[PDB]
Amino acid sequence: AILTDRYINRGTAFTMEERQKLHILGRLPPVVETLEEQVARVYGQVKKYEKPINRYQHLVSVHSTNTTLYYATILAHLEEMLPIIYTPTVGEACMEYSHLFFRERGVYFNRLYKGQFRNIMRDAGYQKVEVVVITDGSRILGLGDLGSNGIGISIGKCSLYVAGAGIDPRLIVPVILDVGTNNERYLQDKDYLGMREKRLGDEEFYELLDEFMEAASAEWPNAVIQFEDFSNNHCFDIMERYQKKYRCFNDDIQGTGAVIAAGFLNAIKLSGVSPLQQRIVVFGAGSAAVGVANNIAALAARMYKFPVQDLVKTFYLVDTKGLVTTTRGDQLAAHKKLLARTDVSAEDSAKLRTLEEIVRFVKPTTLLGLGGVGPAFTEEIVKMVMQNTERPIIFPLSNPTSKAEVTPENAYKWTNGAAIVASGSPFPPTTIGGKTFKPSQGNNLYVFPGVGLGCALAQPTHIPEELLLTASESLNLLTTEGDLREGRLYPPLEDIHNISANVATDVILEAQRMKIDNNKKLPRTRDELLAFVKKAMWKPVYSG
């Protein structure tokens, strides 16, 4: 019976004497293993499988039998497991293997349960819930509507809070708000188990998501609510609607920008071109891309007290028409007006349409790739940036690797190793003339876990932009002299527990300064708080 409880089961780690005492002698094969030995064994069982999706299926089975062993395996092989346990494998599992999520602790909402949301939460019988991940399966990148099968996205994200910040796996809740699906295959699929209708309109959407926030705030009062993988028609509006009234954030919007800003300011430090001397092409002019630019400006203003207006003038925003300027004779979308050039004539605007001529005119020191239109950063463009700086900063952030603006390999080759590169995705190192270069991956894992752990300990009334900026700065400052010497823009991913504890500490101190913190038991000075935060984290080791 202890064997059948995944939270306390140790499998072959139960000693002979423990097996005799627990009456489980003969329920296990005779070999006794340490946790490290069980991890090496699982890692081999995983690499037996060739397909990401079968590796995932194997790890799901470990998770349902031995939760400690699962999280211990992830933490020993984090960089390699991350693309299997979340993006992009988790989406493929949701889309075509949703049965992998059936036995997990999801909470399912829909219009049929209108007015019962709070009873459904009370009935789940969870104690002091710390983190709730919710999706409607609409997808941030707008591809492959998963409807009800979105529950797997919430399950995978909840697992990254546990692995990344030692949120107790008993105190995380994955939610699907099923407001229907526009997935035509699913609408006609006899085996789709969700609401078989097109996505509700906005008024009914917000009636249900309002009830969910109010029910969660009453029944899970200690929880952080994190919006995952909501489509662009809703994700920005959801934060505007809830950010002040509930303890909530959106990792896709706020996490991404905090991690990219941290990495970019370290690229500036390495580049020899100080923040006010940077000329930054922002290739892509969506709301997300502009939010990342603004996050960069906000962090450089916090860390260096340059006037934010002067930081904004380092940005050269490029949409599908070309360089965004006040003189090019169109009515600009609201988000584009802030970053619009005021220093460019109508006549020059007309000659600044293709990325190549924009780069030749602007003479940038940085290329930020947020475009999602393939390999726009060509050899010619990259060799033009080498004319403006000894250390071109090149960030191909468009997902997946096929949408990327340039490969890190070409960035390094074309610059003879001078390029400073951050990627959305992991890449193998590149060796040029005996010298090795590897891009810095700005993974969202750097920030959301520590925001979750900080907000779980501090119990703030809400999560204002100040806490995200603090988490951005905290992450920047964790890149050591030694990391920076080796060209790293972030502390190492494998150190995620120490990263999360430090992000959490800084978030807590910021909540304490703003007096929005509801937990008065916490220390109020950084050294003592950091020790207290570390002690509070759940660890994937056998404890009893």
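Note that residue numbering follows the sequence shown and begins at 1.
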item	value
Stretch with the greater mean C-alpha B-factor as recorded in the entry, comparing 204 to 212 against 466 to 474	204 to 212
Of 104 to 112 and 442 to 450, the stretch whose C-alpha atoms average the higher B-factor in the entry	104 to 112
Top Cα B factor in the deposited entry, candidates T89, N250, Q188, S402	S402
Largest Cα B-factor, entry values, listed residues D168, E96, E228, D178	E96
Within-chain third of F377 by Cα B-factor, per the entry	highest
Position of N9 among the chain's modelled residues by C-alpha B-factor, lowest, middle or highest third	middle
Where the record places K520 (Cα B-factor, split into thirds across the chain)	highest
CA B-factor placement of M16, once the chain's modelled residues are sorted into thirds	middle
Lowest, middle or highest third - CA B-factor, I53	highest
